[PDB]
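Coming up is one lone chain in structure tokens, specifically the form deposited in one PDB entry.
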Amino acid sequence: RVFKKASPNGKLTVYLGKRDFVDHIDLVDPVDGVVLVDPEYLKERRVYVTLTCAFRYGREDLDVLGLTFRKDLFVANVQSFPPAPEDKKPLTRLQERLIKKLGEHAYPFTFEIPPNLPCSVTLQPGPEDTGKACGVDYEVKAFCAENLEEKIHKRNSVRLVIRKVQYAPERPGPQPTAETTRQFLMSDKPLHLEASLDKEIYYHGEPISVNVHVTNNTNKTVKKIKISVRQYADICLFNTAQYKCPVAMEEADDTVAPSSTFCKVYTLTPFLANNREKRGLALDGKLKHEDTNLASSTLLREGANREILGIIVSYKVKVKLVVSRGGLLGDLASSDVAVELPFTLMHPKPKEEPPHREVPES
């Protein structure tokens, strides 16, 4: 089955084989399709198909609701009708069959998504938000006009929201192990802390296992242990912006006596049921208004250290120990000991079924 959309005038119709285009880091699945035109009533004699990657986002200074500013991050256009002699491209397996079914009035088009591009990520809107989704979302636009610079008509264009998604790698990586050693003032004996997750790659809804090992040799007593999972998102529109948001926190009242060890296993699971009110949280790309899980981590192109546009989502696990206060310095010093454990949170590669849109609709 393929997806088709028709213009309000009915003269233009475009066919897409899918809506999610998997990103393999080094290569991206091509965006192929077929455009059906009727030149008898079409006097413009030119048909243009445009793929656009835009960072749609609201405005706080403007009091108008719903209005957003559109900033294109990647724009590519290919003209289908009339067939361009220079734009000769091979036909995919699905593309050739669509031409045969429709007839001789259907012409193909094919785009190549370049690498080092953002994935479809939609920030969670607030309760008072009534406009379109905010974030990065691709779009396939088809229209007929005399020239590119000519004004576009609402009745003479079609648009489909497509997605660029990534899935969990087949090969697991090294186990994330991080340790710290804090040296105090009263005594030279250190306060050791170790933490290690079970595996690097976790799935959406799969529990996260944290192993905590505390080797206390100081004179102070640890009061509370805080374990949290935080979502790190990087936005690069005009300047790089870093912000954090905890999606799952669990506090333990474990107390470690001086000159004693400690060992425990903690289980955490990030989910959207308790994070509904956290405005600004990053979620996977929505089509229109569907419910989507937390944004999956983005697989960066090795250690290229490039400034990727759009939104880059990453996760970490923080283990924090609360140390008792008092003594000489009182409540002025900061004696808390912390350590961070990065991990990857994605989806397994689906076998046949692509991601669907609210399978049991209300």
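Rigid core: the largest C-alpha set superposing within 1.5 Å between the two forms. Numbering starts at 1 and runs along the sequence shown.
From this point on, the text means the form deposited in another entry, which you will not see here.
Considering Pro207, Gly131, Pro115, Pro246, one residue stands apart with a C-alpha shift of at least 2 Å between the shown form and the other one following superposition on the core, and it is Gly131.
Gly303: CA moves less than 2 Å between the shown form and the other one after rigid-core fitting. A displacement of 2 angstroms or greater separates the C-alpha positions of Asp331 between the shown form and the other one, with the rigid core held in common. Here's the thing about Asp253 and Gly330: their CA atoms end up at least 3 Å farther apart in the other form than they are in this form.
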